[PDB]
Amino acid sequence: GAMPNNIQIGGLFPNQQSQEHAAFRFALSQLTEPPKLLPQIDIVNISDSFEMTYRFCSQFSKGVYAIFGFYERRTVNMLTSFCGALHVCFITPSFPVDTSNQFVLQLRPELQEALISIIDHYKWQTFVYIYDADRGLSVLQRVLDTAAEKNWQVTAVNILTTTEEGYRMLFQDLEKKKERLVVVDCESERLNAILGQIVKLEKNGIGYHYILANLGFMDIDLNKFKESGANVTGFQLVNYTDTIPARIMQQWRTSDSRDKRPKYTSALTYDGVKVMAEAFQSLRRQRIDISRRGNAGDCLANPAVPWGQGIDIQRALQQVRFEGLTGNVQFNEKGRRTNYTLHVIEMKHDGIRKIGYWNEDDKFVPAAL
Amino acid sequence: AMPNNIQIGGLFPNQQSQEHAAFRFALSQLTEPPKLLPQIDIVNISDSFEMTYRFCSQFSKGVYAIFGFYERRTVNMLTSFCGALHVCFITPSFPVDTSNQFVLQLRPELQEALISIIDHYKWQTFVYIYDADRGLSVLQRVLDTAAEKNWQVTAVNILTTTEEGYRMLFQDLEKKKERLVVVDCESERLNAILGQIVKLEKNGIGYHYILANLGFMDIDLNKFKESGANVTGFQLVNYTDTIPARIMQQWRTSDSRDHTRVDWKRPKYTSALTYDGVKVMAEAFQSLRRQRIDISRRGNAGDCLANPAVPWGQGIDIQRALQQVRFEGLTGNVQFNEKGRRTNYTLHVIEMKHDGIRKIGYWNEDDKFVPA
Ligand SMILES: *[C@@H]1O[C@H](CO)[C@@H](O[C@@H]2O[C@H](CO)[C@@H](O[C@@H]3O[C@H](CO[C@H]4O[C@H](CO)[C@@H](O)[C@H](O[C@H]5O[C@H](CO)[C@@H](O)[C@H](O)[C@@H]5O[C@H]5O[C@H](CO)[C@@H](O)[C@H](O)[C@@H]5O)[C@@H]4O)[C@@H](O)[C@H](O[C@H]4O[C@H](CO)[C@@H](O)[C@H](O)[C@@H]4O)[C@@H]3O)[C@H](O)[C@H]2NC(C)=O)[C@H](O)[C@H]1NC(C)=O
Ligand SMILES: *[C@@H]1O[C@H](CO)[C@@H](O[C@@H]2O[C@H](CO)[C@@H](O[C@@H]3O[C@H](CO)[C@@H](O)[C@H](O)[C@@H]3O)[C@H](O)[C@H]2NC(C)=O)[C@H](O)[C@H]1NC(C)=O
Ligand SMILES: *[C@@H]1O[C@H](CO)[C@@H](O[C@@H]2O[C@H](CO)[C@@H](O)[C@H](O)[C@H]2NC(C)=O)[C@H](O)[C@H]1NC(C)=O
Ligand SMILES: *[C@@H]1O[C@H](CO)[C@@H](O[C@@H]2O[C@H](CO)[C@@H](O)[C@H](O)[C@H]2NC(C)=O)[C@H](O)[C@H]1NC(C)=O
Ligand SMILES: *[C@@H]1O[C@H](CO)[C@@H](O[C@@H]2O[C@H](CO)[C@@H](O)[C@H](O)[C@H]2NC(C)=O)[C@H](O)[C@H]1NC(C)=O
Ligand SMILES: *[C@@H]1O[C@H](CO)[C@@H](O[C@@H]2O[C@H](CO)[C@@H](O)[C@H](O)[C@H]2NC(C)=O)[C@H](O)[C@H]1NC(C)=O
Ligand SMILES: *[C@@H]1O[C@H](CO)[C@@H](O)[C@H](O)[C@H]1NC(C)=O
């Protein structure tokens with residue numbers, strides 16, 4: 001049969017004032033085709049499993065059809081388990097983890113392979129790897145595995161445990177090598193501070209090279225770092241001057257002016273809304289009969305009784321394919337971004353320039369220049 | 001005052017195990033009121049949803065504490081539910097460093113000791129073999145010390161490594177003839193992993209294996225002792241020390257004429273921790289009762305989830321009583337810091353050479369490691 005004209009969508013957000021939140025509202029306002037996505041977002045501590053659970057169960061008993069929100073490390077397991085038990089989908093731009101089930105739709109592309117490619121490309125054989133551990137440890141594992149495989153000499157520093165002396169200690173046996181190579185793997189909000197810290201710790205007469213293992217390159221203090229002559233390479237998800245993103249920034253620009261550069265997490269929040277819209281428009285027109293109980297269907301039971309039409313909504317969300325702010329948006333059957341392109345940017349000589357791009361199939365292709 | 005019966009919830013992975021039998025045995029030994037009344041539910045301890053259903057269900061029916069096991073996927077959920085509602089979870093599961101006062105880890109930390117031992121042996125470069133399934137706490141710790149002491153660690157997840165992949169890092173090593181390996185794996189796989197690992201050594205070279213985990217004593221000592229393998233590990237229970245010996249005695253002599261029993265040869269360390277775990281609860285509750293600090297709670301559904309979470313009022317009293325417990329158990333001196341970790345305990349280091357199984361020395365928080 002049919003679906004209602006409104007589709008209630010749950011939200012798990014860390015706060016109601018943020019640029020991701022603005023991206024969310026503005027993208028919802030761009031939708032014209034039915035059914036209408038009716039957001040019902042809650043402000044929640046995304047690090048606390050208890051609070052997230054209360055919200056998720058609260059959202060579920062209420063009959064929302066999917067949940068868009070963010071998840072932290074401590075809560076990733078709880079969210080994956082609850083989605084899998086209830087067949088309720090979670091759409092998120094948060095750092096992708098390993099071993100989600102198929103009901104978690106990850107807007108954010110995995111970086112680990114791209115990172116490996118860029119390291120091989122530069123022919124790095126030994127390097128320092130810096131990690132904070134609050135956004136997953138998969139990348140480090142992937143780095144250590146390839147290192148063992150390729151006989152690379154990797155030194156690992158989790159910044160949180162290292163006050164100032166640790167960084168200085170790495171060069172105790174580092175003369176006769178005129179170029180030190182460093183991978184920085186940390187949360188985006190924190191990238192600028194760590195970069196600033198480790199550049200201060202630099203020694204004279206050694207050449208320093210940095211590769212950013214996380215998106216977040218362009219959302220940093222670029223002028224300070226380029227003007228300092230820093231060598232830095234990172235990934236960029238959004239071409240802000242390509243045809244479709246330029247158009248989008250256009251309307252967004254006009255929208256703000258009556259009532260500046262979006263971060264990659266904002267851009268994914270905006271595509272995440274289109275993912276939901278595409279899925280629910282697609283069920284509506286496909287004539288797939290969906291109903292959901294306003295009833296307080298209790299979230300907790302043994303065994304968990306899955307929403308029976310949930311698998312239908314999971315399939316629609318997974319098969320979506322379109323051109324968004326972050327280029328081609330598409331998922332494999334496990335709910336990860338697939339068939340995406342990453343722009344590789346190299347900041348060098350007081351200049352930042354695109355040096356190529358990376359995708360799963362072609363890996364990395366150098367630009368003409 | 002105090003109820004004559006104190007309902008304790010349990011979260012157990014299995015119907016039948018040595019740990020469950022140790023749990024039961026230890027309960028039967030208690031004679032002082034109040035009665036500890038177990039209400040355990042068999043549950044998938046990897047699934048956060050099942051665990052949440054059981055935690056909430058037990059909290060609603062009025063348990064005073066929960067004794068149970070958790071896995072890498074559920075440690076965050078339990079810590080969070082314990083912290084928000086102020087019910088204590090007492091557990092021998094692999095301990096963590098982001099817990100809270102409401103989670104009593106009967107199991108002692110090993111990560112600092114492991115490093116110490118790696119020092120007394122003076123290893124500067126080595127392979128670290130680890131188990132992704134169970135956590136990366138120890139690996140991170142070692143990697144950081146590698147950093148600050150120029151150790152050159154090659155880390156290898158057993159669950160991505162092939163037979164050839166493993167020998168690869170080696171067939172290409174040739175300066176010192178010794179290849180030093182740290183094995184950090186789930187205690188159940190330890191026997192196998194050591195088995196798969198031993199054949200995979202190119203024949204003509206020497207070795208040294210250090211185990212990052214407890215489980216050493218429960219392995220096939222015979223193949224390695226016979227082999228002349230060099231294995232070093234930890235021991236937490238001395239079965240020949242006075243209090244443990246007597247505890248074994250009582251346990252063997254009851255299961256002697258009991259006509260339907262099994263589960264007694266030499267106890268796994270998890271069973272020992274489970275036995276001490278119960279004594280922790282007993283000591284805390286008998287102590288609460290003899291102090292006239294009252295308690296009680298209503299059976300009530302819908303109770304569990306709220307925003308904000310409404311913690312149990314007397315929860316903190318029970319947590320404090322459980323945390324200040326102290327005594328000689330199967331696993332030595334049982335005592336907790338305010339973070340809920342085992343404290344003031346000693347680890348014994350054991351060495352396998354020729355036909356020698358020997359204590360090399362011991363470890364603690366202030367002396368680090370002292371040779372014997
Ligand atoms: C770190 O971890 C360690 C363990 O590794 C902890 O050390 C333990 O701490 C506990 C708790 O404090 C200790 O138990 C208490 O011990 C005191 C001290 O005296 C004891 O030990 C010696 C032997 O080593 C004996 O002298 C004592 O035994 C005599 O008295 C008892 C009655 O108290 C009686 O049963 C015996 O017959 C015995 O008499 C003989 O000796 C006396 C004196 O020399 C002599 O006059 C007589 O003629 C006989 O020869 C005694 O056991 C003890 O007083 C405490 O008893 C009091 O409190 C307890 C409550 O627990 C009650 O049971 C009791 O009625 C008393 O009120 C405790 O037994 C434990 O010994 C100790 N273990 C070790 C190995 O040293 C550390 O505390 C931890 N460190 C930190 C910082 O936390
Ligand atoms: C959201 O919920 C999380 C998880 O439940 C809360 O985390 C807890 O918060 C406090 C303060 O941030 C942490 O304490 C700090 O721990 C360090 C490290 O041991 C300690 O040295 C500091 O003194 C400090 O007390 C606590 O460990 C942490 N619990 C965790 C991470 O499991 C958090 O409070 C909530 N966040 C917000 C913004 O309300
Ligand atoms: C950025 O990269 C350049 C080029 O690799 C680094 O320049 C090298 O620096 C060392 C030590 O000062 C010289 O001896 C090399 O011969 C330089 N090579 C070239 C080609 O210029 C430079 O130091 C790096 N920038 C920073 C800030 O570390
Ligand atoms: C990966 O994404 C690309 C880029 O969007 C897809 O290319 C499109 O292919 C469809 C159907 O074959 C055409 O209608 C479009 O004209 C193509 N668009 C662009 C921009 O090239 C490609 O099909 C996808 N590949 C896979 C394997 O799914
Ligand atoms: C207990 O729950 C866990 C996690 O919720 C289940 O784990 C899944 O197991 C399948 C089958 O091996 C794996 O392919 C998935 O990767 C696992 N999911 C996750 C999130 O890890 C597990 O199967 C359950 N165990 C039992 C005995 O039922
Ligand atoms: C256990 O350790 C000993 C010494 O720590 C290893 O002995 C080495 O053996 C190789 C040949 O296998 C010799 O070339 C070395 O010179 C020996 N080293 C020393 C310091 O004596 C022994 O091989 C190890 N056991 C096993 C089973 O590998
Ligand atoms: C932006 O798109 C333009 C097309 O005008 C192209 O030249 C460039 O490769 C893109 N920018 C990045 C950073 O990839």
Side-chain angles (χ1 to χ4, degrees), chain A residues 49-50 52-54 56-57 60 71 74-88 90 97-104 298-307 310-311 334, chain B residues 8-24 38-61 63 65-82 85 87 89-96 99 103 105-107 131-135 159 185-189 268 270-271 273-274 277 304-305:
Chain A
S49 300
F50 181 93
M52 292 282 278
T53 301
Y54 162 79
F56 189 105
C57 295
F60 174 88
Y71 67 68
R74 297 152 253 172
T75 50
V76 71
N77 288 295
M78 169 283 280
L79 291 177
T80 278
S81 176
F82 267 69
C83 291
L86 303 183
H87 289 196
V88 174
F90 184 65
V97 177
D98 192 353
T99 296
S100 71
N101 45 55
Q102 81 191 102
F103 295 89
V104 173
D298 275 3
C299 173
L300 306 176
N302 186 48
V305 181
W307 180 30
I311 198 70
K334 298 202 257 197
Chain B
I8 304 291
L11 296 166
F12 277 60
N14 303 124
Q15 226 158 343
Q16 296 174 334
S17 66
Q18 220 196 65
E19 301 76 351
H20 179 255
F23 185 68
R24 186 175 43 208
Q39 295 181 330
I40 63 180
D41 291 305
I42 283 162
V43 61
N44 174 351
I45 60 155
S46 294
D47 188 67
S48 292
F49 179 99
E50 279 211 29
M51 288 282 69
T52 301
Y53 164 84
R54 291 296 174 182
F55 187 105
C56 283
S57 185
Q58 296 177 4
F59 171 83
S60 290
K61 64 179 180 180
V63 298
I66 306 169
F67 176 96
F69 302 79
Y70 62 72
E71 171 255 357
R72 173 188 71 85
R73 293 170 284 204
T74 56
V75 60
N76 295 295
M77 183 279 282
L78 287 153
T79 304
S80 179
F81 273 67
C82 292
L85 299 171
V87 173
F89 179 68
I90 295 84
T91 183
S93 286
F94 191 89
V96 320
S99 39
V103 182
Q105 317 166 353
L106 311 165
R107 191 198 293 228
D131 214 78
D133 295 341
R134 70 190 271 296
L159 300 156
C185 74
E186 183 178 2
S187 295
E188 300 234 4
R189 304 177 173 195
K268 317 187 238 132
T270 45
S271 302
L273 288 162
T274 294
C304 183
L305 309 165

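FYI, side chains are in, hydrogens and waters are out, and symmetry mates aren't considered; it's all heavy atoms of this structure. Residue numbers begin at 1 in each chain, while the letters A, B, ... track the order of the sequences.
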Student: Keeping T274(B) on the side-chain end and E19(B) on the backbone end, is there a donor-acceptor pair under 3.5 Å?
Tutor: no
Student: Side chains of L79(A) and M52(A), heavy atoms from C-beta outward: is any pair under 4.5 Å?
Tutor: yes
Student: Measure the spacing between OG1 of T74(B) and CG of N77(A) and express it to the nearest 0.5 Å.
Tutor: 8.0 Å
Student: With side chains defined as the heavy atoms from C-beta onward, is the minimum distance between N101(A) and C83(A) less than 4.5 Å?
Tutor: yes
Student: Suppose we screen for salt bridge (charged side-chain N to carboxylate O under 4.0 Å, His left out). Which residues come up paired with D41(B), at least two apart in sequence or across chains?
Tutor: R54(B)
Student: Taking side chain to side chain contact (heavy atoms under 4.5 Å, CB included) as the test, write out the residues that go with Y54(A), two or more places apart.
Tutor: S58(A), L305(B), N307(B)
Student: List in chain and number order the residues that pass disulfide (SG to SG under 2.5 Å) with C57(A), two or more places apart in sequence or in another chain; answer none if no residue qualifies.
Tutor: none
Student: Determine yes or no for a side-chain-to-main-chain donor-acceptor pair under 3.5 angstrom, with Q39(B) supplying the side chain and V63(B) the backbone.
Tutor: no
Student: Please report the shortest heavy-atom distance between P38(B) and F23(B), naming the atom on each side.
Tutor: CB-CE2, 3.7 Å
Student: Measuring from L273(B):CG to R107(B):CZ, what's the distance to the nearest 0.5 Å?
Tutor: 6.5 Å
Student: For a quick check under 3.5 Å, do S81(A) and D47(B) share a side-chain donor-acceptor pair by atom type?
Tutor: yes
Student: What pair of heavy atoms forms the shortest contact from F67(B) to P92(B), and how long is it?
Tutor: CZ-CD, 4.0 Å
Student: Give a yes or no on this: more than 12 heavy atoms of other residues, nucleotides or ligands lie within 6.0 Å of atom CD of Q16(B).
Tutor: no
Student: Taking the side chain as every heavy atom from C-beta outward, state whether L85(B) and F59(B) have any pair of such atoms under 4.5 Å apart.
Tutor: yes
Student: How would you list, by chain and number, every residue that makes a ring-ring contact (aromatic ring centres under 6.0 Å, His included) with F56(A), sequence neighbours excluded?
Tutor: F82(A)
Student: I'd like to check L106(B) versus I90(B) (side-chain heavy atoms, cut-off strictly below 4.5 Å). Are they in contact?
Tutor: yes
Student: Provide the closest heavy-atom pair for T79(B) versus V75(B) in the form atom of the first, atom of the second, distance.
Tutor: OG1-O, 2.7 Å
Student: Looking at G68(B), is its backbone amide N or carbonyl O close enough to the side chain of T91(B) to form a donor-acceptor pair, meaning the two atoms are under 3.5 Å apart?
Tutor: yes
Student: Looking at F50(A) and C304(B), what are the two nearest heavy atoms and their distance?
Tutor: CZ-O, 3.4 Å
Student: Do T52(B) and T53(A) have side chains that approach each other closer than 4.5 Å (heavy atoms only, starting at C-beta)?
Tutor: yes
Student: Under the side-chain hydrogen bond (donor to acceptor under 3.5 Å, both in side chains) test, which residues partner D133(B), sequence neighbours left out?
Tutor: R189(B)
Student: What pairs with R73(B) under side-chain hydrogen bond (donor to acceptor under 3.5 Å, both in side chains), at least two apart in sequence or on another chain?
Tutor: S46(B), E71(B)
Student: Nearest 0.5 Å, what's the CZ-CD1 distance between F69(B) and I45(B)?
Tutor: 7.5 Å
Student: Side chains of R134(B) and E186(B), heavy atoms from C-beta outward: is any pair under 4.5 Å?
Tutor: yes
Student: Between atom CZ of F94(B) and atom CG of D131(B), what is the distance when rounded to the nearest 0.5 Å?
Tutor: 10.5 Å
Student: Report the relative orientation of the aromatic rings in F89(B) and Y70(B); use parallel for angles under 30°, tilted for 30 to 60°, perpendicular for over 60°.
Tutor: tilted
Student: Between CD of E50(B) and CE of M77(B), what distance do you get to the nearest 0.5 Å?
Tutor: 10.0 Å
Student: Report the distance from atom CG of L11(B) to atom CD1 of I66(B), rounding to the nearest 0.5 Å.
Tutor: 5.5 Å
